[PDB]
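Listed here are the chains, written in short residue letters.
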Amino acid sequence: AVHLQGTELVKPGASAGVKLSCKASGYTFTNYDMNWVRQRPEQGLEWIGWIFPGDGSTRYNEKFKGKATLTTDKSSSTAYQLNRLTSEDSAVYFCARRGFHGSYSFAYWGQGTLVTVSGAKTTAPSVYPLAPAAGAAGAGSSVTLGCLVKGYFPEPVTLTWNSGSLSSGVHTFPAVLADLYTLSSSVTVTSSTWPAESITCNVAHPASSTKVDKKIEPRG
Amino acid sequence: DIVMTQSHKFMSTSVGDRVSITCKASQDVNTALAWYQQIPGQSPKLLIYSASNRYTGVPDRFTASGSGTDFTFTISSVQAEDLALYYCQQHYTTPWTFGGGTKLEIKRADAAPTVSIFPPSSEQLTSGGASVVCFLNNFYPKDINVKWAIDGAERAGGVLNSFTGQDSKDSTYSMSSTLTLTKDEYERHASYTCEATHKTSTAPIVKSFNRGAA
């Protein structure tokens, strides 16, 4: 039962560094070298470097020169990832180990640790109702309403329609950065049912303990 | 640095069918190559070690071949849970490098996007903000081009796009495109258009509205 337990996600400021953790278990920690891999949405997976707990120290990837100076510690079988500068280092970092003795392929991986670099502070989201121009209800047999959530930090926010009773025809999209995470959701129902049968989006933001239930109404 | 190239970011397949992902190492990495699979929000899973060896527990449907500069991952008969990302990785000489990955997706009937455009809400305008939102939902193939036009001229500054992966139920894709201006600039223009170019129609799908005009 080989297992690698990584650390919870952290939100460092665009300036300092953060030491990540990886608790190996189920095998003699010193018998295998630990590896670290980075994964960003646009650049894919990139190997960072390895470490020998038996002590052969390290060997880093050219690209992660001094921005990543690994370290470890026996008597606890945990490996650490320093992360120096940090600013464009926002991504998920993995802890990896190989399986057999003669293949550098990574058979064992940690669950990964998300790292977000931002100077923003906890901020409640503004929620904006999206209704078809001039109220009405479209021009077909179906009408689409929406909810725009922006200016919040940090992730995440939960969004439902009519307290969850409206789940079909819903499209809720991944939030995108921009100082204050912004996301949106659309709901599509039968034209004759709105505004006859009310529709409200419920947005909740754990970090700020805030909730907003914005009803969607015809507008001019 | 050796460069692993996976020429296909996405590959259309079907359940019960055969599919082959290809990988091309910039150099002869001999047989030092591995294949990984990854599902959203999870870590990579080793599927193949040393070019063509199944790791333990990896089902017979998964196969890999090649040795030299060209390698190929194959799935005899695709199953629902195989519609994920597969990564190539050479471990011949450091630094270890991974391919860009290939996402397998379910092929289905072409479907035109339903496009909806929304003017800024009064509540946002009072805060000095003006976001125009455009939804493009339930379309297939994923290939789509969204353009914004303000008073006719195309606008690229201030556009933020978001999309969902292929739906696990209806195999379509959806997308949101938001044009965010300040109320100051928003009120200095009159015509706002969201234009979707998709293979399902010769003419791009267009949705618009005029400030203050119903």
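Procedures and definitions
- Residues numbered from 1 in each chain as written, not as in the entry; some residues may be left out.
- Chains lettered and ligands numbered in written order.
- Heavy atoms only, no water.
- Helix = DSSP H or I, 4+ residues; strand = E, 2+ residues; numbered from the N terminus.
- Rg over C-alpha atoms; globule rule 2.2 N^0.38 Å.
- Buried < 20%, exposed > 50% of the residue type's maximum accessible area, 1.4 Å probe, protein only.
- Contact = heavy atoms within 4.5 Å.
- Buried area = accessible area lost by both parts, 1.4 Å probe.
- Salt bridge = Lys/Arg side-chain N within 4 Å of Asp/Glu carboxyl O.
- Pairing = 2+ DSSP bridges.
- Axes fitted to C-alpha atoms, helices over the stretch in contact; angles between N-to-C directions.
- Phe/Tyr/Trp six-rings, centres within 6.5 Å; stacked < 30°, edge-to-face > 60°.
- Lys NZ or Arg CZ within 6 Å of the ring centre and 35° of its normal.
- Core = buried A, V, L, I, M, F, W, Y, C linked by side-chain atoms within 4.5 Å.

Draft legend 1. Focus on the overall build of chain B. Regarding its fold elements, chain B presents 2 helices and 19 strands. Since a compact globule built from 214 residues should have a radius of gyration of about 17 Å, the 22 Å found for chain B marks it as more spread out than a globular shape. Across its three principal directions, the C-alpha atoms of chain B cover 65 × 35 × 30 Å. Counting every position in chain B, which comprises 214 residues, the buried fraction comes to 48%.

Draft legend 2. Representation of the interface of chain B and chain A. Taken together, the 41 residues of chain B in the interface contact 42 residues of chain A. The largest contributions to the chain B side of the interface with chain A come from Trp 96, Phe 98 and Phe 118 of chain B, which together make up 17% of the buried area. Where chain B meets chain A, there are 1 salt bridge. Note that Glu 123 of chain B is salt-bridged to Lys 214 of chain A, the shortest N-O span being 2.8 Å.

Draft legend 3. Quick look at the sheet that holds strand 13 (residues 129-139) of chain B. All names here are of chain B. Overall, antiparallel pairing links the 4 strands, which are arranged 12-13-17-16 in an open sheet. Sheet topology places strand 12 (114-118) and strand 16 (159-164) at the edges, where each strand pairs with a single neighbour. Here the strands of the sheet are splayed against their neighbours by 15 degrees on average, with no regard to which way each runs. Here 9 bridges tie strand 13 to strand 17 (residues 173-182), and the two strands are oriented antiparallel to one another. Across the sheet, the residue bridging to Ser 131 is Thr 180, located in strand 17.

Draft legend 4. Representation of the pattern of salt bridges in the model. Residue and element names in this part refer to chain A. Scanning all chains against the criterion turns up 13 salt bridges over all chains. Of the charged contacts, one joins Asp 89 and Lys 67 as a salt bridge, the two residues approaching to 3.2 Å between their closest N and O atoms. In this pair, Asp 89 sits in the loop between strand 7 (78-81) and strand 8 (91-97) while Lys 67 sits in the loop between strand 5 (57-60) and strand 6 (71-73), placing the two residues 22 residues apart along the sequence. Across this residue pair, the class does not change: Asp 89 and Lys 67 are buried.

Draft legend 5. Here's a closer look at the packing of aromatic side chains. For the coordinates displayed, the defined rule picks out 23 aromatic pairs over all chains. Plain terms: the ring middles of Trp 50 of chain A and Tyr 104 of chain A are 6.2 Å apart, the flat faces sit at 25 degrees to each other, and that makes the pair stacked. Here the residue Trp 50 of chain A occupies a position in strand 4 (residues 44-52), and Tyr 104 of chain A occupies one in the loop between strand 8 and strand 9 (108-109), the gap between them amounting to 54 residues. Under the relative-accessibility criterion, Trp 50 of chain A is labelled buried at 10%. Note on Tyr 104 of chain A: relative accessible area 33%, which makes it partly exposed. Aromatic pair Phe 73 of chain B and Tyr 86 of chain B: ring centres 5.0 Å apart, planes at 35 degrees, arrangement tilted. Placement of the pair is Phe 73 of chain B in strand 8 (residues 70-75) and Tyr 86 of chain B in strand 9 (residues 85-90), with a sequence separation of 13 residues. Assigned by exposure class, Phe 73 of chain B and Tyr 86 of chain B land together as buried. An aromatic cluster is defined as three or more aromatic residues linked by ring pairs; in this entry it consists of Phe 94, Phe 106 and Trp 109 of chain A together with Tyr 36 and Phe 98 of chain B. Residue placement shows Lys 142 of chain B over the ring face of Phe 10 of chain B; its charged tip is 4.4 Å from the ring centre.

Draft legend 6. Structural detail: unusual backbone geometry. Cis geometry marks the peptide bond from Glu 155 of chain A to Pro 156 of chain A; its omega dihedral reads 0 degrees. One non-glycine residue, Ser 163 of chain A, lies in positive phi territory at about 65 degrees. Residue placement: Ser 163 of chain A occurs in the loop between strand 13 (158-161) and strand 14 (170-172). A relative accessible area of 65% places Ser 163 of chain A in the exposed class. Despite not being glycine, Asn 138 of chain B shows a phi value in the positive range, around 55 degrees. Structurally, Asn 138 of chain B can be placed in strand 13.

Draft legend 7. Structural context of the nonpolar core. Formed by 40 residues in total, the largest nonpolar core has its most connected members in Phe 106 of chain A together with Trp 35 and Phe 73 of chain B. For this core, the elements supplying multiple residues, two or more each, are strand 4 and strand 8 of chain A together with strand 3 (19-25), strand 4 (33-38), strand 5 (45-49), strand 7 (62-66), strand 8 and strand 9 of chain B. With sequence-adjacent residues up to four places away left out, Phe 73 of chain B is seen in contact with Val 19, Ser 20, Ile 21, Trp 35, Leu 47, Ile 48, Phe 62, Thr 63, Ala 64 and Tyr 86 of chain B.

Draft legend 8. Quick look at the pairing of strand 4 of chain B. Residues and elements named next belong to chain B. Summarising burial for strand 4: 6 of the 6 residues are buried, a large majority. Of the two faces of strand 4, the one holding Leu 33, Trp 35 and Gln 37 and the one holding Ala 34, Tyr 36 and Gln 38 are both buried throughout. For strand 4 and strand 9, the ladder comprises 6 bridges, and the chain directions are antiparallel. Bridged to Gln 38 within strand 9 is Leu 85. The pairing of strand 4 with strand 5 spans 3 bridges and is antiparallel. Looking across to strand 5, one finds that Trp 35 is bridged to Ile 48. Hairpin remark: strand 4 followed by strand 5, antiparallel, with 6 residues in the connecting loop; positive phi at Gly 41, about 65 degrees.

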